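Each answer follows from the model by the rule given with it, or from the source it names; nothing here is a laboratory result. Because the Cβ atoms are built from the backbone with ideal geometry, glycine has one as well, and the counts that use them run over all protein chains shown.
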Amino acid sequence: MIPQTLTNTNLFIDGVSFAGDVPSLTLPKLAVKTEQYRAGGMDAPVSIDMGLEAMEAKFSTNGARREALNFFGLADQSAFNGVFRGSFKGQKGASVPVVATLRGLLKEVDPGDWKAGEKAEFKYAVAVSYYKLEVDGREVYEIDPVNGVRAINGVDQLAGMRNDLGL
Amino acid sequence: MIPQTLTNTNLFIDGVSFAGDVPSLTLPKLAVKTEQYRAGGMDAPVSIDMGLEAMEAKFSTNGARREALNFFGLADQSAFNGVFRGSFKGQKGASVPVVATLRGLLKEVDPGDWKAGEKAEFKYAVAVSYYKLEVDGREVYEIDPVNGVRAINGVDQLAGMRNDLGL
Amino acid sequence: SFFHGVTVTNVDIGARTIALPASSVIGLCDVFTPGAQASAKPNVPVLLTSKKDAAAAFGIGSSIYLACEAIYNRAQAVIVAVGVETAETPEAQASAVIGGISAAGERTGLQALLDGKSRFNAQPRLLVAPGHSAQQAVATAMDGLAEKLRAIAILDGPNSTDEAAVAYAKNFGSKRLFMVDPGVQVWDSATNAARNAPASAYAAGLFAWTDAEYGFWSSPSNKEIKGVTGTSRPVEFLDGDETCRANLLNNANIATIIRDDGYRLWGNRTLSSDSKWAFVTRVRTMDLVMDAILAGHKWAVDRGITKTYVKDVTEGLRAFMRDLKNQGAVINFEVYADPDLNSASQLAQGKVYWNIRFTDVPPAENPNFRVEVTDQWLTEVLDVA
Amino acid sequence: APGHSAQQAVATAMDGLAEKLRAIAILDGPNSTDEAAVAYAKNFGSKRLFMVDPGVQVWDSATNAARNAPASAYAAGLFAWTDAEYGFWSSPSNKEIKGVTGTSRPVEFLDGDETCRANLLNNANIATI
């Protein structure tokens with residue numbers, strides 16, 4: 001493998017390119033809701049999957065980006081749409097894109113303290129519903145909570161436990 | 001977009017310009033009271049809006065600004081009036097103002113320690129009721145708790161759930 | 001002058017006839033007499049809201065209000081009703097319903113139903129001319145109207161024998177029409193005589209009812225008609241019967257009524273020639289997701305094409321199509337841009353394509369109950385033991 | 001020039017006025033039938049004109065009647081609005097007209113329709129509502 005790092009970053013919200021002001025993105029921390037399970041005839045628990053937990057996907061800007069302030073606290077949850085683009089350029093030339101569609105509620109607009117001479121750093125946060133990561137255009141993650149779509153590498157992981165609930 | 005940052009800062013309280021002594025403002029951290037909701041037929045919760053939470057809007061001064069000390073602990077809550085002006089100048093010239101009307105209770109006057117040779121830093125705090133942010137004069141936020149005015153981008157978000165309560 | 005205080009007044013009302021508010025706008029066209037009560041000019045449409053505007057804009061005894069009370073008993077819906085003047089010859093009385101651009105600048109007849117949009121925000125997703133659809137002339141020019149509006153035009157056969165309406169539905173393979181053969185009899189508030197209503201408005205108000213809480217993908221087959229007595233010609237459905245009148249009329253792609261005193265409809269299949277578009281829910285979900293796809297993608301119909309214009313709207317189509325799969329309108333889908341038909345030549349003149357491939361929920365037509373009386377439980381049961 | 005642009009001698013001179021100023025002249029067809037304004041727009045191939053055919057009706061402060069406004073100033077106010085935040089490069093088509101009710105000649109846009117009143121006018125290069 002070639003050494004490969006993050007170099008540049010972009011954010012689209014309803015197609016509007018934030019080519020000017022995003023100093024920090026943050027993808028949602030994907031994690032399995034681990035329940036440590038020690039039972040009879042064993043020890044040192046085995047941590048069965050119980051589904052994911054909530055996925056909050058922070059980012060920040062430091063202008064009055066009104067094209068992103070108008071999504072706070074709407075009556076239509078999961079209507080904030082936005083992708084987190086970012087390219088990984090490697091050492092041998094070619095850049096591998098990492099794009100990440102979000103769809104959630106802009107649940108926090110945090111304006112920082114205004115010390116009169118520093119940056120603004122409007123820290124935002126979306127508690128996303130939908131989440132689709134791509135690597136070099138190839139699909140890796142689909143996370144849809146409602147109607148149960150958890151597809152790793154394109155093949156759905158919940159299909160074994162979705163035709164028994166009868167969804 | 002042009003790169004756009006915070007440069008200067010002002011505070012008015014009952015029209016009285018604090019052109020001398022405000023070293024730090026802080027807008028109220030707007031946040032949705034998220035209740036993470038996982039139910040039958042899904043996983044990885046979807047975080048329904050439950051309204052906002054309280055909005056405390058700190059700031060600081062380091063003189064004995066008696067024109068701001070006299071608002072502490074009055075019998076008339078939500079009578080402290082004040083705007084947080086601040087201009088975002090960008091790179092291509094023109095400055096975008098960000099003004100922010102507050103209306104609340106000055107619930108904390110915190111004089112710092114007096115180490116005899118440093119600043120004073122009277123940290124204040126208002127647990128605001130009303131909150132109106134402007135960007136370049138264009139309206140973005142109205143937050144009024146009592147009688148329920150949550151208007152993002154001028155259009156009221158609570159009007160769908162205010163003609164069913166019968167307010 | 002005016003009144004103060006409280007004013008009790010013995011008036012002539014009765015039978016509060018509540019219905020759930022429907023969203024699917026239907027069109028309407030039937031004759032009336034534009035006298036002093038009817039404050040509606042003849043060839044122009046009016047946005048109807050309830051029984052009151054059906055009573056104010058048209059006459060009480062006029063043929064519009066007798067068809068508007070059919071839907072407003074069943075679904076509080078939105079009517080785009082353009083009446084016509086009563087003619088003498090039925091060749092011209094049928095041709096008054098078509099009309100056209102035969103004014104100086106304006107329109108007349110059924111062709112004023114295109115003015116439901118851009119006057120009322122009410123595009124008619126159902127078309128019904130009560131009584132004036134037994135002719136070949138109007139019903140051909142309703143498929144010429146419903147193909148343009150992307151709507152389901154409701155028709156009716158005549159009051160003739162059973163076979164004469166079987167051979168009337170052989171003149172159409174029109175894949176958007178919907179024919180309802182038996183005419184509803186109705187009481188009409190102590191007139192002690194059953195008036196033969198044409199029963200195209202009763203099936204039209206049923207679709208607006210089943211649109212609201214069952215959804216448009218739900219088949220409007222088993223569901224109830226309100227405000228109805230035993231109809232004009234008795235159509236029965238006997239089980240396993242080759243010659244029973246309902247199954248005789250289903251195989252000719254004609255809706256009926258089945259239960260006692262004309263309770264419910266019986267239509268599931270439309271007046272088509274492709275078996276691909278046989279049901280009335282494939283042709284209804286074809287056209288009522290593709291306005292909801294547009295209702296939310298009005299921004300995409302003109303915009304400066306950025307690099308992500310192809311990519312941000314294909315994640316806007318998918319994120320809307322998952323909300324239809326959420327409420328059970330479809331089964332799994334796929335929406336994707338074309339790699340083969342989006343070139344640089346099409347972007348210059350503005351065109352850019354996207355694929356959509358969903359699938360309908362098939363309705364439960366024909367559940368079979370294969371059965372046998374068996375003496376299996378006769379030795380273990382009924383023993384001394 | 002609202003109202004006074006259905007005449008031929010003005011719209012010829014509004015185009016010559018717009019060529020000198022390097023601007024966009026807003027025109028309007030006659031308020032007659034759909035086959036009449038198409039014959040009016042065949043007088044010009046002059047690449048600086050913009051024709052808005054249906055007559056906007058406005059309420060005008062409890063007149064309890066809708067006046068046929070010539071609908072050339074409403075679309076001209078639309079270009080000033082879309083110049084500001086969408087920029088001059090934005091297509092000024094899909095955007096809202098405010099202060100307006102049901103127009104003079106009701107032009108629809110049915111999809112998949114060859115003879116719908118919007119598309120019949122767009123081939124003659126005429127804006128509608």
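Observations on the model:
- A single member of A:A68, A:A120, A:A64, A:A127 is crowded, with 20+ Cβ neighbours inside 10 Å, in contact with a strand residue (DSSP E or B) (Cβ under 8 Å, 6 or more places away or on another chain), small (G, A, S) and more than 25 Å from B:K58 (Cα to Cα), and it is A:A127.
- The set of residues in the stretch C:292-310 that are free of Cβ contacts under 8 Å to residues at least 60 places away in the same chain and either over 13 Å from C:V352 (Cα atoms) or touching a strand residue (DSSP E or B) at 6+ places or on another chain (Cβ under 8 Å) (or both) comprises C:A292, C:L294, C:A295, C:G296, C:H297, C:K298, C:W299, C:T306, C:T308, C:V310.
- Scanning the stretch C:300-319 for residues that are exposed (fewer than 13 other Cβ atoms within 10 Å of the Cβ) and either assigned to a helix (DSSP H, G or I) or not basic (K, R) (or both) returns C:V301, C:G304, C:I305.
- If you go through the stretch D:18-38 and pick out every residue that is loosely packed, with under 15 Cβ neighbours inside 10 Å and farther than 26 Å from D:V107 by Cα, you end up with 5.
- Candidate set: the stretch A:34-91, residues that are of a type in the set (K, R) and in a strand (DSSP E or B); chosen: the one farthest from the chain's Cα centre (by Cα): A:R85
- Looking only at residues in the stretch B:132-141 that are over 17 Å from A:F71 (Cβ atoms) and assigned to a strand (DSSP E or B), the one that is nearest to the other protein chains (Cβ to nearest Cβ) is B:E134.
- Residues considered: A:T7, A:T34. Of these, the only one that is of a type outside the set (A, V, I, L, M, F, W, C) and touching a residue at least 24 places away in the same chain (Cβ under 8 Å) is A:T7.
- Checking C:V352 against (1) assigned to a loop (DSSP other than H, G, I, E, B); (2) loosely packed, with under 13 Cβ neighbours inside 10 Å, the condition it does not meet: (2)
- Residue-level check: of (1) within 15 Å of D:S5 (Cα to Cα); (2) under 15 Å from the mean Cα position of the chain (by Cα), D:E96 misses just (1).
- Residue within the stretch C:111-134 that is within 14 Å of another protein chain (Cβ to nearest Cβ), farther than 20 Å from C:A81 by Cβ and either more than 13 Å from the chain's Cα centre (by Cα) or not small (G, A, S) (or both) present: no
- Any hit, the stretch C:355-363, residues being under 25 Å from the mean Cα position of the chain (by Cα), more than 17 Å from C:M286 (Cβ to Cβ) and surrounded by 10 or more Cβ atoms within 10 Å (Cβ to Cβ): no
- Matching helices (runs of 4 or more DSSP H) fully within the stretch C:136-254 where at least 2 residues are surrounded by 20 or more Cβ atoms within 10 Å (Cβ to Cβ) and under 13 Å from the mean Cα position of the chain (by Cα): C:136-149, C:201-212
For every residue, the table says whether it meets (1) in contact (Cβ under 8 Å) with a residue 60 or more places away in the chain; (2) closer than 21 Å to C:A70 by Cα; (3) not assigned by CATH to the domain that holds C:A201.
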residue: C:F120; (1), (2), (3): yes, no, no
residue: C:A129; (1), (2), (3): yes, yes, no
residue: C:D143; (1), (2), (3): no, no, no
residue: C:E147; (1), (2), (3): no, no, no
residue: C:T161; (1), (2), (3): no, no, no
residue: C:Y168; (1), (2), (3): no, no, no
residue: C:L177; (1), (2), (3): yes, yes, no
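- Residue list for the stretch A:19-49, restricted to those being in contact with a strand residue (DSSP E or B) (Cβ under 6 Å, 6 or more places away or on another chain) and at the interface with chain B (Cβ under 8 Å from one of its Cβ atoms): A:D21
- Of all residues in the stretch A:71-117 being more than 8 Å from chain B (Cβ to nearest Cβ), farther than 30 Å from B:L158 by Cβ and of a type in the set (K, R), the one that is surrounded by the fewest Cβ atoms within 10 Å (Cβ to Cβ): A:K92
- Selected residue (criterion: surrounded by the most Cβ atoms within 10 Å (Cβ to Cβ)) from residues of the stretch A:1-18 that are within 14 Å of another protein chain (Cβ to nearest Cβ) and assigned to a strand (DSSP E or B): A:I13
- All positions within the stretch C:144-173 that are farther than 19 Å from C:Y202 by Cβ, of a type in the set (D, E) and away from every other protein chain (no Cβ under 14 Å): C:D162, C:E163
- Tally of residues being assigned to a loop (DSSP other than H, G, I, E, B) and crowded, with 17+ Cβ neighbours inside 10 Å across the stretch C:43-73: 6
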